[PDB]
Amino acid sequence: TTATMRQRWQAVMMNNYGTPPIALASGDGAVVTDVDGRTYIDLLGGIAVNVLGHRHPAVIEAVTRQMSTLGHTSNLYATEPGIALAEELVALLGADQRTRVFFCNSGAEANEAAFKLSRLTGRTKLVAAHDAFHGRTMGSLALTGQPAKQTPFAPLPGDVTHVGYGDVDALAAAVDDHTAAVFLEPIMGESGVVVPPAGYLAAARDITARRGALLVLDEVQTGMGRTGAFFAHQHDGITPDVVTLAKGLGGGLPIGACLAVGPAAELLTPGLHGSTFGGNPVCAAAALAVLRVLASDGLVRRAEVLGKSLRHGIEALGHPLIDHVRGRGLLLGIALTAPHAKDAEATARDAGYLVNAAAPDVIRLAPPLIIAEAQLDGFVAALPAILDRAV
């Protein structure tokens, strides 16, 4: 039962998440089942992680095959899956200069690697955006622009200046010849699927390039083809100096990556960084499978098509509680006219849909890329009642 599982949680887990309201038992595709037998359509994908849903045969085959071949070895040894995965990610980035890859286990670790890269420029000033989320480790938490999550842990590593997201003049004013790097999400996910103004990422690329600063794009949430290009920044035709990936990279298995382009790719020399589990064969094999399915099933182009019809469908409702829909592909935010997103999260759950109240007035969707249009259509048809009940 759900009550017993929550009691077991509260007896042993640290309370850094609160107590989960539901206990999940099984999942298949975009449908999960709780321990009481209720089914839910998963419009959140474990916070954009389950790009291929649950029990995808290609991921299961890749992981089972690799476990029965060769597991963890450490980076004292070269192994094929990590090398092939690095090759595939470099090809997908499509940069004009040599690109090199560092693997790790999480988005926070990927941004820690980028943070350390920034130190090797000889500069210590960093710029990020108010409300950005880059991770919860000491370095990535300094880049995160969420004071409630930072203040109890001060002092954090320096020297970070936060500016308004999407404000070109504010960014130009903050970046100078002492700036090691600028960190930006192409769409701010955790804060409410905040999409920047047209031209902003191109401006950021120009500002940083003129000032000798690295441009680091955090694609941990916007990557893996979710927005209809493999990297969301590719919609703007720019090439950053550093890109970080995690979440959906492994289809559920823990893996992150830091990609560095041109001179930034040579900053890390032997002995200056590492991670025991980074690039291990099983997790890399999972990520290779995800890339293969994305390509074979055309799921990147599909995410744009599904995301456009979903966005159109929500706006066509004309519900008075919805101010606007924003985002791109299958990263979508329903911005509300009143702070009822947490209530709508609960009433969606009553209706069999898993969504996220990313802000008091924003409902975030990040469904599996294998989700059926029919399942999305069903959510849109259910949404007027969900929102009515929310108030």
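Numbers follow the displayed sequence, beginning with 1.
Higher mean CA temperature factor, per the PDB entry, when comparing 162 to 170 with 251 to 259: 162 to 170. When 91 to 99 is weighed against 67 to 75, 91 to 99 comes out higher, by mean CA B-factor as recorded in the entry. Comparing the listed residues 118, 208, 309, 137, the entry records the largest Cα B-factor for 309.
For the set 245, 193, 284, 154, the PDB entry puts the maximum C-alpha B factor at 154. Ranked by C-alpha B-factor against the other modelled residues of its chain, residue 299 falls in the middle third. Split the chain's modelled residues into thirds by C-alpha temperature factor. Residue 241 is in the lowest one. When the modelled residues of the chain are ordered by C-alpha B-factor, residue 335 sits in the middle third. Ranked against the other modelled residues of its chain, the C-alpha B-factor of residue 130 as given in the entry falls in the lowest third.
Residue 323: CA B factor in the highest third of modelled residues in this chain (values from the PDB entry).
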